[PDB]
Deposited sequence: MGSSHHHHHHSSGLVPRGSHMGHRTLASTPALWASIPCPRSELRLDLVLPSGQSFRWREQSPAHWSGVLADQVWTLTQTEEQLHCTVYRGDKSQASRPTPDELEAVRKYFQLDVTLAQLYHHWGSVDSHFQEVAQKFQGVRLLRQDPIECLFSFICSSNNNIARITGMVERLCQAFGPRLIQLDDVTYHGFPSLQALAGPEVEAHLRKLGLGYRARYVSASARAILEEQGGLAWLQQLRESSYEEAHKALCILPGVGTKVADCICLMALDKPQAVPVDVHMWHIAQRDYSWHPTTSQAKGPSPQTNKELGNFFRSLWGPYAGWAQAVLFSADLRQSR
């Protein structure tokens, strides 16, 4: 079995009305939100979404989706709802791009060269453990560690060419007393202890998946504080999970990367440290407004290119 392309199997693809202004897969899927997508063929993005493998590709006006499960067929309208939810396609980006463009002139400039930078709505467990794997790491090496984590502890879904896709591990799988030693063997280093000890904390102390739904329904301030009780989850990782899985669109994760960007392109300086990081966060919330994390995604994606 091989990765599908739109050209070679058109009947297996369902289309979503989606202009390049609302979504660019190439500025979203590889741009440090999810680490589960690879361009396995030009303009064709393959990855695990809701425990199934998908390939996504787009033309000027449409997003095209295929799902690998039986006999091959088009995604059902119900299956496509997972895709709509993941890309938050209810949110009209054009309205957000204008509002940011008005209140910030550098952004306005970047925005018309980098259309369709959306924020994924990610599964809380996948997002939490992926961003625990993100510390002191580039996108390349994070992607590798997450792949090896899922290979070890997640269910095998399918093989396409020489890529074996796994579901994201459950809390139960990551909480086991052998997990930390095995994840060290896979090169996660110090992040191994964080993954295993956080899985255990969530299961035994916080009450499982119910806690991450509770944090979804809570304020940014509550949810951020709540996440920072987990081994390996400080301001940076808490802000990532807040923005990308817990619907806190005002969350702005700040590292040395976001800092070289604000230094150069915004003539900012601390009046890199916890105190200086929080100031920077506050600035971007003051400037861009209640969806500041989304505006940050445009600049970060832009900067990676």
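- The deposited sequence has C-alpha coordinates everywhere except the stretches 1 to 20, 90 to 92, 295 to 300, 335 to 337.
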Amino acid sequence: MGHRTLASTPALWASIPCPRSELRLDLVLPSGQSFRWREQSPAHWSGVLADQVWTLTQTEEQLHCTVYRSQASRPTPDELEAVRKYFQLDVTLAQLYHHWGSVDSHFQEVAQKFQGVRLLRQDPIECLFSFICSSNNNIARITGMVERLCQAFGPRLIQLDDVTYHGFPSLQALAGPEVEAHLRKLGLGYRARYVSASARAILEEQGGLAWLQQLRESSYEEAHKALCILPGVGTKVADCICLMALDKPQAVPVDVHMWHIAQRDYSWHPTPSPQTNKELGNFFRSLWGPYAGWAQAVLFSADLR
From here on, numbers count along this sequence of modelled residues.
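Rigid core here is just the name for the largest C-alpha set that superposes within 1.5 Å across the two forms.
- Farther from the shown form on average, by C-alpha root mean square after a core fit in 5 other deposited structures of this protein, is 204 to 212, of the stretches 83 to 91 and 204 to 212.
- The stretch that strays farther, by root mean square C-alpha distance over structures and residues in 5 other deposited structures of this protein after a rigid core fit, is 72 to 80, when 72 to 80 is set against 122 to 130.
- The PDB entry reports B-factors from which the mean C-alpha value can be compared for 256 to 264 and 52 to 60; the larger average falls on 256 to 264.
- On average the C-alpha atoms of 108 to 116 have higher B-factors than those of the other stretch, with 108 to 116 and 151 to 159 being the two compared.
- Note on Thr271, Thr66, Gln250, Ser31: the highest value goes to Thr271, judged by CA B factor as recorded.
- Per the deposited record, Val91 carries the highest C-alpha B-factor of all listed residues (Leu174, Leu183, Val233, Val91).
- Per the deposited record, the Cα B-factor of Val103 falls in the highest third when ranked against the other modelled residues of its chain.
- When the modelled residues of the chain are ordered by their C-alpha B factor, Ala72 lands in the highest third.
- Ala292: CA B factor in the lowest third of modelled residues in this chain (values from the PDB entry).
- Residue-level temperature factors show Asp123 in the lowest third of its chain, judged at the C-alpha atom.
- The deposited CA B-factor of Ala82 belongs to the middle third of values across its chain.
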